[PDB]
Amino acid sequence: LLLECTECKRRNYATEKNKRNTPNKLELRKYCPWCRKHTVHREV
Amino acid sequence: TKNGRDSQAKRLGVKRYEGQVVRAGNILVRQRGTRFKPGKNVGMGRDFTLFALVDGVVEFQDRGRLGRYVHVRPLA
Amino acid sequence: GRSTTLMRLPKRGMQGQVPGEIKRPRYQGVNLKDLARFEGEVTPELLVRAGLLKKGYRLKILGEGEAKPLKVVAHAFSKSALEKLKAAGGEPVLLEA
Amino acid sequence: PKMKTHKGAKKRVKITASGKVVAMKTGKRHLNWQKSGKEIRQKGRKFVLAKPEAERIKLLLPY
RNA sequence: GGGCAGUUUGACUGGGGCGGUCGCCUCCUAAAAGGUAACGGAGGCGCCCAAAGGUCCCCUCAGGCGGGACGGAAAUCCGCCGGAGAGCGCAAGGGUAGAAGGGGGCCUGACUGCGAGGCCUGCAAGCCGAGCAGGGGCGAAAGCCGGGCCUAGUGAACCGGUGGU
RNA sequence: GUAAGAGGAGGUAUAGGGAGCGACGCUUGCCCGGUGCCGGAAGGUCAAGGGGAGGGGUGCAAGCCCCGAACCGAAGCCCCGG
RNA sequence: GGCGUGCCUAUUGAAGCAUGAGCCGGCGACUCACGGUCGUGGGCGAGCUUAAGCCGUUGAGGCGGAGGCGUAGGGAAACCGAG
RNA sequence: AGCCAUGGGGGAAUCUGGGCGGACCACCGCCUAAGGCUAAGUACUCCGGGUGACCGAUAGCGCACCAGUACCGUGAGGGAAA
RNA sequence: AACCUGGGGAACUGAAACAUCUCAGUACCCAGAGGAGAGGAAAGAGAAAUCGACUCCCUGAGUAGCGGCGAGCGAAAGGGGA
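Calculation notes
- Residues numbered from 1 in each chain as written, not as in the entry; some residues may be left out.
- Chains lettered and ligands numbered in written order.
- Part of a larger assembly, values for the part shown.
- Heavy atoms only, no water.
- Disulfide = S-S within 2.5 Å.
- Buried < 20%, exposed > 50% of the residue type's maximum accessible area, 1.4 Å probe, protein only.
- Pairing = 2+ DSSP bridges.
- Helix = DSSP H or I, 4+ residues; strand = E, 2+ residues; numbered from the N terminus.
- Contact = heavy atoms within 4.5 Å.
- Buried area = accessible area lost by both parts, 1.4 Å probe.
- Salt bridge = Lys/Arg side-chain N within 4 Å of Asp/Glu carboxyl O.
- Polar contact = N/O pair within 3.5 Å; in protein donor to acceptor, adjacent residues only side chain to side chain.
- Nonpolar A, V, L, I, M, F, W, Y, C, P; charged D, E, K, R; others polar.

Per the deposited record, determination of this structure is attributed to X-ray crystallography, with the resolution reported as 3.8 Å.

Chemist: Describe the state of the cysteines, naming the residues involved and giving the relevant values.
Modeler: Residue and element names in this part refer to chain A. Evaluated as defined, the whole model comprises zero disulfides over all chains. Lacking any disulfide linkage, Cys5 is separated from the closest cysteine sulfur, that of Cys8, by 11 Å. For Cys5, a relative accessible area of 10% puts it in the buried group. Free of any disulfide, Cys32 has its nearest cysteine sulfur in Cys35, 12 Å distant. A residue is classified by how much of its surface remains accessible, and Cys32, at 34% relative accessible area, is partly exposed.

Chemist: Residues and numbers for the pairing of strand β5 (residues 67-73) of chain B, please.
Modeler: Strand direction decides the pairing type here: strand β4 (residues 57-63) of chain B and β5(B), joined by seven bridges, are antiparallel. Bridge pairing in β5(B) places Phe60(B) opposite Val70(B).

Chemist: Could you give an account of the interface of chain A and chain D, naming the residues involved and the relevant values?
Modeler: Tallying the contact residues gives four residues for chain A and four residues for chain D. Around 400 Å² of area is buried between chain A and chain D when both sides are counted, 57% of it from carbon and sulfur atoms. Inspection of the chain A/chain D interface yields zero salt bridges. Along the contact surface separating chain A from chain D lie one residue pair in polar contact. The element best represented in the side of chain A that touches chain D is strand β2 (residues 15-17) of chain A, accounting for three residues. A breakdown of the residues in the side of chain A that touches chain D according to their chemical character gives one nonpolar, one polar and two charged.

Chemist: Explain the environment of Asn12(A) to me, using residue names and the numbers behind them.
Modeler: Residue and element names in this part refer to chain A. With respect to the helices and strands, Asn12 occurs in the loop between β1 (2-4) and β2. A relative accessible area of 23% means that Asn12 is categorised as partly exposed. When the C-alpha atoms of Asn12 and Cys35 are compared, they prove to be 8.6 Å apart, with 23 residues separating the residues in sequence. For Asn12, the residues in contact, after removing those within four places along its chain, are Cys5, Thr6, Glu7, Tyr31, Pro33 and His41.

What follows is the structure, given as C-alpha cells:
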C-alpha cells in the first residue's frame, strides 16, 4: 500500500509504505517534525 | 527462442591499485561480496564499496584465512 | 527523434498568467565605487545623466570601495553603503511613491 | 528573421552570469513514493549540462 | 451515424510475412583490467518485511553414525563427528559463521538540513559516501543507526489530483 | 439540392422505392445464443434544462456574486419477446 | 620493341557485362534578407550606438538618444545585493 | 477568461443613469454604448519622367522583330522562334 | 495593372506520423470603394490623483504572453517621428 504519516497537533508528513492485510491495522510511530522537535504520527 | 537476454554489466573490480594517491574519501574497490575489506583509513558502504577515510596512498595486504584487505597510509 | 533533452523540467513557475507582467518598481543596483568617480550632490537624475540607469527610475546605490563625503539622493541604499557613507557625508532616503 | 527564443526552453532553463546553463534536476515529482530522504533531497538541486548545454545558449540570447 | 471525410495502422528480422523478441537483474559465450556482438547457450524481476528494520546481549549449520515410547529414511531428545556442502524472503553470482546466519531485550537513524571526495558515464541517469548542525534511539562506555549481505522489484517531461507554508 | 424546389407521379399499395435469387419442373430443412431489424405505457442507465437542503467569496449593511445534495428531466443503451 | 583495364557516378569492390553521356557550342546548381555564434580588421571605451525621421545634397553628408547592448548577481517569487 | 463582435433564449434604467479598470465583491478612478460624416500622413504602379558596380538577343518582359501572334488544345488554356 | 475594405475561405505543408495547432484568414471566389481604401472625435488607454480622435514609420520586442507549454504563434501602453 501507499502511505504517508501525519503529525499530531499539526499537519506534517513523510514518505512511507503501508501493508494493510499483514499486522498493520494501527500505525502510531515517532518521527521528527519541523515546527519544533519530535512528536507522534498516524496513518491514512 | 527465449535466450536473448543479459544484464547491464556493472563494471566492478578494484579502481585504485596499491601505490596510488587518493583524495579525501574517493572510491577504491567496487566488489560483489567480500573479496576485499576495510583497512587503515578505509571505510565502505552498502554495496561493499571500499574507499578512503582520509587521503594518502593505497596498499594491498594479504592475510590468508583472514582474507584480503586494502588500506591507505596517509602523509601529513 | 527521441526527446531533445526536453526531459529537463519546468521550475520557472510564476512564468505567466494571462494578463501578465505586473506594475512593479524596478530598483537599479549601482556600485557607489562607480559613483564616487564624479563629485557633488548626486541624484537619480545626475546618475542616468551619465551612463548607469537607463531609466529604471528606482536606484539602489550599494556595493564596496570608497564612498565620498557627498550627498547621494537615492531610492534605496544597502545597510553596507549606508554606513560607509555615514562615514563620509550624508544620504537622503527616497522621496515617496 | 529575428530568431525566436525558444519558449519551451527558457521555461525550464536559466543561463548564468558566467555563461553555463543551469538546469533543474529530473526524477522527482512522480517516481516518488518512499524515495529515501537522501533521494528527494539530492534531487532538489539544480546542476550543469555539458555539450547540449551549448545547444541551449543557442536557443535564446535576446534573453 | 464507412453515407462521406482526414489519418493511423511500430521496430528489430541472414528478403518480407507468420512466429519470436523489445525494459531490468544473473552466469556464460567475453579471448585472466574494464568494454565487447549474433533470432548465441541457460534462468530470474514488475515484488516482499514493523519484522525480514535498529541497536545491545546471547547462541552456530547442513550431513553422518550410535541410542532413544509414539514417530520413523526424515518430527523431538542426547552422545559422538562435523569450517561450511546450511542458512541468509524469491533467479543466479559473488559473499558470509572471526555473521551478514539463529533466538531475546529495549526501540523505530524505513531522520530532518547539507554533502567533502569518487564510482560510472555521450546526455540524461544510476551509484558509493566520510563528515558538520539540530533532535533523538539501543549501549556502561567505546560506539553504532540517513532501512533490509549486495547486485532486478521499474518511467524524462508534459497535463492533472489532495495538503500546508 | 444550403434552400426554394425537382424527380417520385400529374403515379396511389393489382402502386412506387430498396434487396437478393434469377425461364420453367420438384423443392428450399433445424438453430434467434451473438448481430440486425421489428415489437415492449415498467424498470435500470441517461443530456440540456428544472429544483435550491447546504455552503463559498464580499460588503458596515441591504445586496451582490459563485459552488452546489434530494427530487423532475428524451431519444439511446441495458433488460423482455418476435 | 618495352609498358598500358576509357570518364563520371556508385561502391566492401569497377575496364567492367552497374549508372549516366553520339558530338560540339550556349544555358546550368551553395545566393540574398533579418537575427545568431565564432573569427577577423578597425573606431571609441565605463562606456559603445542610434532607429524613424528633420534639414541638406542631386551620387554630400549632418543633425536626430526613442531605443539598444554594457556596468551585479543570486532567487519561482516577495527580497536582498558582492552578495 | 475580462473586453469588442453576435447566432439562440430571457430582458432595464435617463445621470440617486450605464459601461470599463482581466472571474467576483467593496472602495477608488476611466468613460458616455446601442446614430452618423471627416482632410492629412499610408499602399499601389497601367501611365509619364529621372537614374543604375541591372540585361545586352539561350540575357533582359513570353514578345528588341507585325507576339499573346505562329502554332497545340473542343475548350479553359498553352505558347515559339526570329 | 496593382493596391483597399467587407462576404466567403482551402489543402499541400510544418509538427520529421498525425487529429488540436500549423501553413493562414494566406490561396482563391464574391461583392463594393477610390485615387486611394480603411480608420476616426473615446462607454479610450491603464496605474502616472496621468496620457487624450485616427492613420502610418521607428521603437518598445521575439518582450507580455499564447501553444498536443510540441511544432510554433506573438501583442499593448509608453518613447521617437509623419
